[PDB]
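K.L.:
What follows is a single structure, and I will ask about it in a moment.
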Amino acid sequence: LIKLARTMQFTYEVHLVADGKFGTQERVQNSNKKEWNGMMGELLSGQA
Amino acid sequence: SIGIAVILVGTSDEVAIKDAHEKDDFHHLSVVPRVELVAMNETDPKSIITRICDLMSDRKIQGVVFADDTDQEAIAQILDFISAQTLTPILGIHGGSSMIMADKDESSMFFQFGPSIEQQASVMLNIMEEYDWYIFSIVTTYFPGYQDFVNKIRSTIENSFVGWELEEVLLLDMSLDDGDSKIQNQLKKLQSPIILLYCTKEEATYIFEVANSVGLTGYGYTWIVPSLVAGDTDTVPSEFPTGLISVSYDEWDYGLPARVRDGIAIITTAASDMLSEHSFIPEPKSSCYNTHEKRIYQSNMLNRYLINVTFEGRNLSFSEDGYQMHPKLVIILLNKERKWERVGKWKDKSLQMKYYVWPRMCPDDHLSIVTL
Amino acid sequence: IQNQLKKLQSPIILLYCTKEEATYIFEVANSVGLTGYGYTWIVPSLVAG
Amino acid sequence: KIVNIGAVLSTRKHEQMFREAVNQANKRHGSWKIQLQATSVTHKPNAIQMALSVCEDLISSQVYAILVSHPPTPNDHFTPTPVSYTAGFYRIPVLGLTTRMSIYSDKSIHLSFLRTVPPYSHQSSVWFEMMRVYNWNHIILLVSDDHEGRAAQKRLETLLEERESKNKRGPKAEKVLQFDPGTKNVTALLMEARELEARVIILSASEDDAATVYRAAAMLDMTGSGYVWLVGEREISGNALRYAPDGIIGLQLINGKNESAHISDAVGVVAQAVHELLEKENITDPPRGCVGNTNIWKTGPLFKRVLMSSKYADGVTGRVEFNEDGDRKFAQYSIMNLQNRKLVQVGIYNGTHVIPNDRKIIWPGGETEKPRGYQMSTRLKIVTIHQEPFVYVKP
Ligand SMILES: *[C@@H]1O[C@H](CO)[C@@H](O[C@@H]2O[C@H](CO)[C@@H](O)[C@H](O)[C@H]2NC(C)=O)[C@H](O)[C@H]1NC(C)=O
Ligand SMILES: *[C@@H]1O[C@H](CO)[C@@H](O)[C@H](O)[C@H]1NC(C)=O
Ligand SMILES: *[C@@H]1O[C@H](CO)[C@@H](O)[C@H](O)[C@H]1NC(C)=O
Ligand SMILES: *[C@@H]1O[C@H](CO)[C@@H](O)[C@H](O)[C@H]1NC(C)=O
Numbered sequence: 119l120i121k122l123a124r125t126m127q128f129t130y131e132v133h134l135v136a137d138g139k140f141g142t143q144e145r146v147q148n149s150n151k152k153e154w155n156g157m158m159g160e161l162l163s164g165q166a
Numbered sequence: 142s143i144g145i146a147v148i149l150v151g152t153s154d155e156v157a158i159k160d161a162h163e164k165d166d167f168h169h170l171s172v173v174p175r176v177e178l179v180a181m182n183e184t185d186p187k188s189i190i191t192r193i194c195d196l197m198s199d200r201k202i203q204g205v206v207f208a209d210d211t212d213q214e215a216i217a218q219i220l221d222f223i224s225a226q227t228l229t230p231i232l233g234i235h236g237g238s239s240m241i242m243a244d245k246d247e248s249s250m251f252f253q254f255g256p257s258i259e260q261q262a263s264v265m266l267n268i269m270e271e272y273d274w275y276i277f278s279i280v281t282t283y284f285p286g287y288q289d290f291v292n293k294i295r296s297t298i299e300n301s302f303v304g305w306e307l308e309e310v311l312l313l314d315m316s317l318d319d320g321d322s323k324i325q326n327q328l329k330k331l332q333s334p335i336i337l338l339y340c341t342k343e344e345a346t347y348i349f350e351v352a353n354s355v356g357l358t359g360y361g362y363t364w365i366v367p368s369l370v371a372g373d374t375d376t377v378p379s380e381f382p383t384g385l386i387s388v389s390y391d392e393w394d395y396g397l398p399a400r401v402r403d404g405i406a407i408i409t410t411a412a413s414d415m416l417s418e419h420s421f422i423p424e425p426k427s428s429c430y431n432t433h434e435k436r437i438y439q440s441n442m443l444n445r446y447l448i449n450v451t452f453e454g455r456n457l458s459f460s461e462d463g464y465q466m467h468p469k470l471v472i473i474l475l476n477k478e479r480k481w482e483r484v485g486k487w488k489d490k491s492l493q494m495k496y497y498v499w500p501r502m503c504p505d506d507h508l509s510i511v512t513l
Numbered sequence: 003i004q005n006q007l008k009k010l011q012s013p014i015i016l017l018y019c020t021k022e023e024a025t026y027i028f029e030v031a032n033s034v035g036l037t038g039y040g041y042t043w044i045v046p047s048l049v050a051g
Numbered sequence: 003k004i005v006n007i008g009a010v011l012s013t014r015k016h017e018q019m020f021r022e023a024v025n026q027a028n029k030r031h032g033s034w035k036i037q038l039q040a041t042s043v044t045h046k047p048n049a050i051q052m053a054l055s056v057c058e059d060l061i062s063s064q065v066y067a068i069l070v071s072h073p074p075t076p077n078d079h080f081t082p083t084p085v086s087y088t089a090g091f092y093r094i095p096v097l098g099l100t101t102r103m104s105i106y107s108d109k110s111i112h113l114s115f116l117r118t119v120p121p122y123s124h125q126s127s128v129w130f131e132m133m134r135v136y137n138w139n140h141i142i143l144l145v146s147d148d149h150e151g152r153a154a155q156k157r158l159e160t161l162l163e164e165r166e167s168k169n170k171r172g173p174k175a176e177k178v179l180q181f182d183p184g185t186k187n188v189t190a191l192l193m194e195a196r197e198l199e200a201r202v203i204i205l206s207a208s209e210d211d212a213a214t215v216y217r218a219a220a221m222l223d224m225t226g227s228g229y230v231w232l233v234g235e236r237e238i239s240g241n242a243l244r245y246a247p248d249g250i251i252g253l254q255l256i257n258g259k260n261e262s263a264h265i266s267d268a269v270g271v272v273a274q275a276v277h278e279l280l281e282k283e284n285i286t287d288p289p290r291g292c293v294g295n296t297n298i299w300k301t302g303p304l305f306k307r308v309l310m311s312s313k314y315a316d317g318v319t320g321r322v323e324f325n326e327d328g329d330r331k332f333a334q335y336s337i338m339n340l341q342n343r344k345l346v347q348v349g350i351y352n353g354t355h356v357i358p359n360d361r362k363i364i365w366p367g368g369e370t371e372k373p374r375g376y377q378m379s380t381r382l383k384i385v386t387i388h389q390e391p392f393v394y395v396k397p
């Protein structure tokens, strides 16, 4: 990441995921919308 | 005295004069179910306007219930406009009025009696996921309600865990009848058993004769339509291929007097849940909407309490746009006799029908295999 | 039988008839859309040659 | 024969104008196989009694079509409805002049209805064209929650959904934002909109809401340099200009509210259509009376459709033609700008040509170059998971 950023002029801040899980698809309980779990979700929602 | 009126026009429901007295079981809410009844022969706009606001000017009508036939939804628009102009909860319930308006007015209080589009789409999806596994196509003109029908089933397609391979949706510009032959070549390019479509009646005739011209009417297919294609009749035209399935309202056993009682109970339960909990005033109107609509405009509307009302062991709430959550639907199909046979019932997203095997009518395959 | 001709889900079709019969069959295959480019036809040295 | 039409207006002098117009129509068109004639009434503050007077009009004449304008009242929405409902009971084709609300275009609710002006919904096509022109390809779409807003949003999306795919992808909305009519303190919404890439937004709502969001942005200054945006027609009028940030882009109808030319155009096209109608097969009557006769005019749909397809020759508003739903097409639009507390035609939109033929656009921050949107973020945001030989975690 360091090398990449120096090569591309970024600025950033790293934060670990909220629940340790990599990510998979799931249909939550008490709803119909199947949701992307974990880190994949933290990306696809807008958090990253 | 809560003003509840019942108007039966152009109908044969004189015996329902005794059906009103069946509302004597309204002691559960113990708020005055004062009720009268009227009637009339053939109807126009002017007759309805005059008659109804004469009644409300005469004997302090709090709410009213409509019922007619002959399928001229113009009355369904007229009643809505009246509702808006007087701020008075009416409740149209029968084949005439019961034709869902898509987008009602804002200040209206109408609350029709029937199913939406998306509910019909969901019922279609349930039926399909029982046996025939893919929404193999969707062919629809752009008669209004168009964009929403596709959107609903697409939103249900994506948001599932079972197969649901949709092949292609394709509309057609029926207003110019030249390129329809090429799009019908592409309709032959729907190499797929279970096709779905959504258009008006004459458009259905046209599309079905075209699919006859390209031979998609054969038994290597199956069709489904919403409760608009010809369901409003017992007289099927020609060109309609047999085995066709639809899903309509249960206008074959649901009792008109039962309907009347249901609506009466609706308005009474609403009035109770509004007053007894708040001791407010659902103040009657001085006259029909001539000048004094302003004095009633200040009053807050009991619609919030009219939305969500149960009784009799049935959840009869509406949505904000005036249609029934949890309605009573049935499934019908066109057999060889060209008569609409009644097949299955539906409640709470359930399905009960003819035996687990599909009839699969005749025009030599599909062996039956046994194991253990 | 032309419905069954649509049941010729197959690119390279062959036929053998007179000229007017060829016209009739070709307009029919137009009516059932088998004249499209998902096909190819062959005829002997009698059809309109 | 004696074929009759009618209309309801509010000037009561356009009454005489319309009488002279139909006089001209008599003298002008046809080889005199029939006669033409009309009758006018006016509005009233009671909607119900207004529809009643419409029923009185309809009994007092075997009408063939009805026209109607907008009275000086500001209740623009609910005024021209009752005549349409009352006519739909008989499929009497009715033509509208001075209303724009898009609820009317629904072919399932006002199944017999036409108009002389495209509605607010079609306004999005010129936006799409301007986007193609200036290459702005990251657009924020801020709209209201009325049926009007959803219509505008749906039309714009289905228009930009080109995506043919047999340099880069075409212009694309970054996101949309719903918004509740009449509500104040929208600031929460603008705060969500701020941190996106796009530097250009689009708005379409009522004028009071326009003022509300204008002031809200003025508090947060989404109005500075680099930001550009554009609106419809009713966001730059009335309570709008008192709060519009200097330099926005609007637009207006070419002709607008000069309804007399509309009177002329309408009577001409109705005559042109009827003199092609009367010969077909089985017209035989319009429904005489507005009581007892509980049936429909068995020829309404056909006369209506052929009236729709009727290409006019030349009106006071150029060649006029109707869409697949009964709305004037190819109408012109005039681009404006808030030239520092003033409006000015900066370019005209001829049907499909957009013609920038004036001095210079002045963008909000005071700059003079056509800015580009999407100043891409330099700051990023990265996620990662604790995994031993690749990412260590130490206090
Ligand atoms: C009738 O059905 C509606 C919808 O199924 C019910 O509204 C639900 O009520 C529960 C309360 O237990 C809420 O948690 C849900 O959010 C409501 N649903 C919706 C869509 O708002 C209503 O309570 C039912 N009424 C009866 C008497 O059964
Ligand atoms: C709706 O009706 C039910 C009736 O069982 C009631 O319990 C509930 O409080 C009502 N309101 C809501 C918001 O559910
Ligand atoms: C209401 O407006 C104030 C402006 O001072 C703002 O700080 C606050 O966040 C707004 N409320 C909401 C819910 O947005
Ligand atoms: C309307 O337009 C016509 C020509 O387009 C013009 O002669 C007339 O003066 C205009 N009326 C108004 C009120 O602007």
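Residue numbers (my numbering), protein chains in the order written: chain A, 119 to 166; chain B, 142 to 513; chain C, 3 to 51; chain D, 3 to 397. Ideal Cβ placement from N, Cα and C applies to all residues, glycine included.
#1: Whole angstroms are fine: how far does the CA of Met197(B) sit from the CA of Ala275(D)?
#2: Quick one: using the 10 Å Cβ neighbour count with 16 as the cut-off for buried, is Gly234(D) buried or exposed?
#3: Please list, in chain order, the residues of the segment 125-155 of chain A that have any C-beta partner in chain B closer than 9 angstroms.
#4: Helix, strand or coil for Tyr438(B)? Go by DSSP, reduced to three states.
#5: Kindly indicate the opening and closing residues of the alpha helix (DSSP H) around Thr81(D).
#6: State yes or no: is the C-beta of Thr410(B) nearer than 7 angstroms to some heavy atom of ligand 1?
#7: So which residues of chain B does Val34(C) contact, with C-beta pairs closer than 8 angstroms?
#8: Using 7 angstroms as the cut-off, classify the Cβ of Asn444(B) as near or not near the heavy atoms of ligand 2, replying yes or no.
#9: Does the segment 218-238 of chain D come close enough to the segment 193-210 of chain D that 3 or more CB-CB pairs lie under 8 angstroms?
#10: My output table needs one value for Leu48(C): the three-state DSSP class, helix, strand or coil.
#11: Taking buried to mean at least 16 other C-beta atoms within 10 Å of its own C-beta, is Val293(D) buried or exposed?
#12: Could you check the C-alpha separation between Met378(D) and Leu162(A) for me, to the nearest Å?
#13: Is it true that the CB of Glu299(B) sits closer than 8 angstroms to the CB of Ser333(B)?
#14: If we define contact as Cβ-Cβ less than 8 angstroms, is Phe290(B) a contact residue for chain D?
#15: For chain B, is any of its Cβ atoms less than 8 angstroms away from the one on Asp78(D)?
#16: Taking DSSP as the reference, what is the three-state secondary structure of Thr88(D)?
#17: Which whole-angstrom value describes the C-beta separation of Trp305(B) and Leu338(B), a residue pair presumed to lie in contact below a C-beta threshold of 8 angstroms?
#18: Quick check on the DSSP output: what are the complete beta strand (DSSP E) runs of length 3 or more inside the segment 174-226 of chain B, in order along the chain?
#19: Between the C-alpha atoms of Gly356(B) and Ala31(C), what's the straight-line distance to the nearest angstrom?
#20: For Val303(B), count the other beta carbons within 10 Å of its own beta carbon; 16 or more makes it buried, fewer makes it exposed. Which is it?
#21: Have a look at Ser427(B) and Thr227(B) and give me their C-alpha separation to the nearest angstrom.
#22: Following the continuous alpha helix (DSSP H) through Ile50(D), name the residue where it begins and the one where it ends.
#23: Of all Cβ atoms in chain G, is any one closer than 8 angstroms to the Cβ of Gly320(B)?
#24: Comparing the C-beta of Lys383(D) with each C-beta of chain A, is any distance below 8 angstroms?
#25: Is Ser12(D) near ligand 4, going by C-beta to nearest heavy atom under 7 angstroms?
#26: Using only alpha-carbon positions, find the residue among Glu155(B), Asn267(B), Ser389(B) and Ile143(B) that is nearest to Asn182(B).
#27: State the DSSP-derived secondary structure class of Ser127(D), mapped to helix, strand or coil.
#28: Run the proximity test for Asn187(D): is its beta-carbon closer than 7 angstroms to any non-hydrogen atom belonging to ligand 2?
#29: Check each residue's C-beta against every heavy atom of ligand 1 and list, in chain order, those closer than 7 angstroms.
#30: Which chain A residues are close to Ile387(D), counting only those with a beta carbon under 8 angstroms from its beta carbon?
#31: Out of curiosity, what's the CA-to-CA distance linking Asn257(D) and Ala166(A)?
#32: How is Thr297(B) classed by DSSP in three states: helix, strand or coil?
#33: Going by other Cβ atoms of all chains shown within 10 Å of its Cβ, with 16 needed for buried, is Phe207(B) buried or exposed?
#34: Confirm the yes/no value for this check: CB of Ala190(D), any heavy atom of ligand 3, distance under 7 angstroms.
#35: Is any beta-carbon of chain B found at less than 8 angstroms from that of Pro84(D)?
#36: Does ligand 4 have even one heavy atom less than 7 angstroms from the beta-carbon of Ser71(D)?
P.N.:
Here's the rundown:
#1: Indexing the fourth sequence from 1 puts residue 275(D) at position 273. Indexing the second sequence from 1 puts residue 197(B) at position 56. Whole-angstrom Cα-Cα distance: 44 angstroms.
#2: Numbered from its first residue, the fourth sequence carries residue 234(D) at position 232. Under this definition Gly234(D) is a buried residue.
#3: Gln143, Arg145, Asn150, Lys151 and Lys152
#4: Locating residue 438(B) in the second sequence gives position 297, where the first residue counts as 1. In this structure, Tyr438(B) counts as helix in the three-state DSSP scheme.
#5: Translated into positions along the fourth sequence, residue 81(D) becomes position 79. Looking at the DSSP string, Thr81(D) is not in any alpha helix (DSSP H), and its letter there is neither H nor E.
#6: As a first step, residue 410(B) is located in the second sequence; it is residue number 269 there, counting from the start. Incorrect: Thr410(B) has no Cβ contact closer than 7 angstroms to ligand 1.
#7: As a first step, residue 34(C) is located in the third sequence; it is residue number 32 there, counting from the start. The answer, in chain order, is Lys329, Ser354, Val355 and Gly356.
#8: One-based indexing of the second sequence puts residue 444(B) at position 303. Because no heavy atom of ligand 2 lies under 7 angstroms away, the Cβ of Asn444(B) does not count as near it: no.
#9: yes
#10: Position 46 of the third sequence, counting from 1, holds the residue named residue 48(C). It is coil, neither helix nor strand.
#11: If you number the fourth sequence from 1, residue 293(D) lands on position 291. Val293(D) should be labelled exposed.
#12: By 1-based counting over the fourth sequence, the position of residue 378(D) is 376. By 1-based counting over the first sequence, the position of residue 162(A) is 44. If I take the Cα positions, the gap works out to 19 angstroms.
#13: For the purposes of this step, residue 333(B) is identified with residue 192 of the second sequence, where counting begins at 1. For the purposes of this step, residue 299(B) is identified with residue 158 of the second sequence, where counting begins at 1. Their beta carbons are not under 8 angstroms apart, which means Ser333(B) does not touch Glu299(B) by this criterion.
#14: Here residue 290(B) is taken as the residue at index 149 of the second sequence, counted from 1. Taking Cβ atoms only, chain D never reaches closer than 8 angstroms to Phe290(B), which makes this a no.
#15: Translated into the one-based positions of the fourth sequence, residue 78(D) becomes position 76. By this cut-off, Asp78(D) is not an interface position.
#16: Along the fourth sequence, one-based indexing puts residue 88(D) at 86. Correct three-state label for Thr88(D): helix.
#17: Walking along the second sequence from the start, residue 305(B) turns up at place 164. Walking along the second sequence from the start, residue 338(B) turns up at place 197. The Cβ separation is near 18 angstroms, so there is no contact.
#18: 179-181 and 204-208
#19: As a first step, residue 356(B) is located in the second sequence; it is residue number 215 there, counting from the start. As a first step, residue 31(C) is located in the third sequence; it is residue number 29 there, counting from the start. Each residue's Cα considered, the two are about 11 angstroms apart.
#20: By 1-based counting over the second sequence, the position of residue 303(B) is 162. With fewer than 16 other Cβ atoms within 10 Å, it is exposed.
#21: Stepping through the second sequence from its first residue, residue 427(B) is reached at position 286. Stepping through the second sequence from its first residue, residue 227(B) is reached at position 86. Going from the Cα of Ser427(B) to the Cα of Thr227(B) covers about 11 angstroms.
#22: Your numbering for residue 50(D) matches position 48 in the fourth sequence. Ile50(D) -> alpha helix (DSSP H) spans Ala49 to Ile61.
#23: The structure shown has no chain G; the protein chains it does contain are A, B, C and D.
#24: Here residue 383(D) is taken as the residue at index 381 of the fourth sequence, counted from 1. Output row for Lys383(D): interface = yes.
#25: Working through the fourth sequence from its first residue, we reach residue 12(D) at position 10. Answer for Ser12(D): no, Cβ out of range of ligand 4.
#26: Start at 1 with the first residue of the second sequence, and residue 182(B) comes out as number 41. Minimum Cα distance to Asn182(B) is reached at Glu155(B).
#27: Taking the fourth sequence and counting its residues from 1, one reaches residue 127(D) at position 125. Helix, per DSSP.
#28: The count along the fourth sequence starts at 1 and reaches residue 187(D) at position 185. Not under cutoff, so the answer is no.
#29: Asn449(B), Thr451(B), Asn456(B), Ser458(B), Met466(B) and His467(B)
#30: Sequence index remark: in the fourth sequence, residue 387(D) carries index 385 (1-based). Chain A residues near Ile387(D): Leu134, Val135, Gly138, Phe140 and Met157.
#31: By 1-based counting over the fourth sequence, the position of residue 257(D) is 255. By 1-based counting over the first sequence, the position of residue 166(A) is 48. For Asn257(D) and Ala166(A), the distance between alpha carbons rounds to 50 angstroms.
#32: Here the question's residue 297(B) lines up with position 156 in the second sequence. Helix, per DSSP.
#33: The count along the second sequence starts at 1 and reaches residue 207(B) at position 66. Buried.
#34: Start at 1 with the first residue of the fourth sequence, and residue 190(D) comes out as number 188. Indeed, a heavy atom of ligand 3 lies less than 7 angstroms from the Cβ.
#35: Stepping through the fourth sequence from its first residue, residue 84(D) is reached at position 82. By this cut-off, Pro84(D) is an interface position.
#36: Here residue 71(D) refers to the residue found at position 69 when the fourth sequence is read from its first residue. Flag unset: Cβ of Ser71(D) not near ligand 4.
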